[PDB]
Amino acid sequence: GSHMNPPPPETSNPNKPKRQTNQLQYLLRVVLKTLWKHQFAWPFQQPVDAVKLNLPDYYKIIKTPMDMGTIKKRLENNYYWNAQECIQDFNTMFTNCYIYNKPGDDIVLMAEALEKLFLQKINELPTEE
Ligand SMILES: O=C(O)c1ccc(Br)cc1O
Ligand SMILES: O=C(O)c1ccc(Br)cc1O
């Protein structure tokens, strides 16, 4: 894409040790699957394209970008060592939205619907085995 958007977050790095855990499997097969198909998922399914959206200040404000397209790749390509890393990526995505946008805004209400679902699912994150 555009040189004016940053490169996306890292999804592949052989130097980073990787592991499958039952918790990570749940994050893919339950959590991500649920949020991805939500009616309000589409703004969060790829990095924010600040050029196309005419938001030239977006990456001036948001210095830790994250999105569900990145998280999906990270889960499908086994990037993580543990569930906390992946939960932190979800939380970063929500908090970016809430920091950049006004509390009324449609994108915020969309993020909040996904976050409510997320919380319900994370409360049932299985014990690590
Ligand atoms: O099971 C599937 O086919 C599937 C498809 C998309 C996503 Br996101 C999660 C899934 O688990
Ligand atoms: O600025 C944002 O947070 C944002 C993200 C994705 C889309 Br699509 C529109 C937006 O306004």
Side-chain angles (χ1 to χ4, degrees):
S2 171
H3 78 289
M4 297 193 326
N5 285 318
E10 193 175 70
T11 54
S12 168
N13 186 334
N15 290 322
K16 184 187 187 297
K18 309 297 204 309
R19 168 181 86 131
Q20 209 35 258
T21 74
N22 64 312
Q23 298 187 324
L24 287 160
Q25 285 167 5
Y26 176 94
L27 282 159
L28 177 56
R29 301 180 161 245
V30 182
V31 181
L32 181 68
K33 185 178 200 295
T34 291
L35 268 62
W36 189 268
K37 67 179 156 75
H38 196 280
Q39 177 175 242
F40 293 161
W42 65 268
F44 304 101
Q45 287 172 332
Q46 62 284 309
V48 171
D49 183 339
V51 177
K52 200 163 189 200
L53 293 166
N54 189 25
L55 298 177
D57 67 344
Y58 182 80
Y59 294 108
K60 186 67 179 141
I61 309 309
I62 297 308
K63 294 306 195 185
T64 71
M66 188 49 57
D67 69 279
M68 297 203 297
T70 301
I71 291 166
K72 182 179 183 280
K73 283 182 190 96
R74 287 182 173 193
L75 287 168
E76 296 176 341
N77 296 350
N78 298 295
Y79 178 80
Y80 295 118
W81 186 260
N82 63 36
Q84 189 41 244
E85 287 178 283
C86 177
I87 291 164
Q88 181 52 252
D89 285 345
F90 278 100
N91 287 322
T92 293
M93 178 181 81
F94 296 129
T95 60
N96 290 343
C97 184
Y98 305 149
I99 286 175
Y100 184 76
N101 300 278
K102 293 189 165 96
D105 285 353
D106 282 345
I107 191 70
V108 173
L109 294 173
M110 294 168 88
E112 284 175 341
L114 302 168
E115 186 182 21
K116 177 170 188 192
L117 245 305
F118 177 78
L119 176 55
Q120 284 175 24
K121 304 303 209 196
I122 286 305
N123 284 338
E124 289 291 3
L125 183 77
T127 312
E128 185 181 13
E129 77 203 12

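These numbers come from the heavy atoms of this one structure, side chains and all, not from hydrogens, waters or symmetry mates. By convention here, the first residue in the shown sequence is residue 1.
For the pair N96 (side chain) and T64 (backbone), a donor-acceptor distance under 3.5 Å is present. Checked by atom type and distance alone, the side chain of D49 pairs as donor or acceptor with a backbone atom of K52 at under 3.5 Å. Checked by atom type and distance alone, the side chain of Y26 never pairs as donor or acceptor with a backbone atom of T21 at under 3.5 Å. Checking side-chain atoms of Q23 against main-chain N and O of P126 turns up a donor-acceptor pair under 3.5 Å. Between the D105 side chain and the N101 main chain, no donor and acceptor come within less than 3.5 Å of each other. In this structure, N123 contributes its side chain and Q120 its backbone to no donor-acceptor pair below 3.5 Å. When atom types are taken as modelled, the side chain of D57 and the backbone of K60 share no donor-acceptor pair closer than 3.5 angstrom.
Linking ILVMFWY side-chain heavy atoms closer than 4.5 Å, directly or via other members, places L109 and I107 in two distinct hydrophobic clusters. Hydrophobic cluster membership is shared by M93 and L75, with clusters built from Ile, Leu, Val, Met, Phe, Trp and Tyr side chains linked at under 4.5 angstrom. Note on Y58: it does not cluster hydrophobically with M4, by side-chain heavy-atom contacts below 4.5 Å among ILVMFWY residues.
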Residue pair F118, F94: steps toward the side chain to side chain contact (heavy atoms under 4.5 Å, CB included) verdict: CA-CA 10 Å; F118 177 78; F94 296 129; 4.0 Å; yes
Step-by-step side chain to side chain donor-acceptor pair (under 3.5 Å) determination, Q88 to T92: CA-CA 6 Å; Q88 181 52 252; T92 293; 3.1 Å; yes
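Under the 4.5 Å side-chain criterion, counting only non-hydrogen atoms from C-beta, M68 is in contact with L35.
Under a cut-off of 6.0 angstrom, the local environment of CD in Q84 is crowded, with over 12 non-hydrogen atoms contributed by other residues, nucleotides or ligands. Heavy atoms of other residues, nucleotides or ligands lying less than 6.0 angstrom from CG of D106 number 12 at most. Other residues, nucleotides and ligands contribute more than 12 heavy atoms inside 6.0 Å of the CD atom of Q20.
Legend: residues meeting side chain to side chain donor-acceptor pair (under 3.5 Å) with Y79, ordered by chain and number and at least two apart, are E10.
In summary, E85 and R19 do not engage in a salt bridge, as defined by a charged side-chain N under 4.0 Å from a carboxylate O.
Within the structure, the salt bridge (charged side-chain N to carboxylate O under 4.0 Å, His left out) test picks out the following pairs touching residues 73-82 (sequence neighbours left out): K72-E76, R74-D89.
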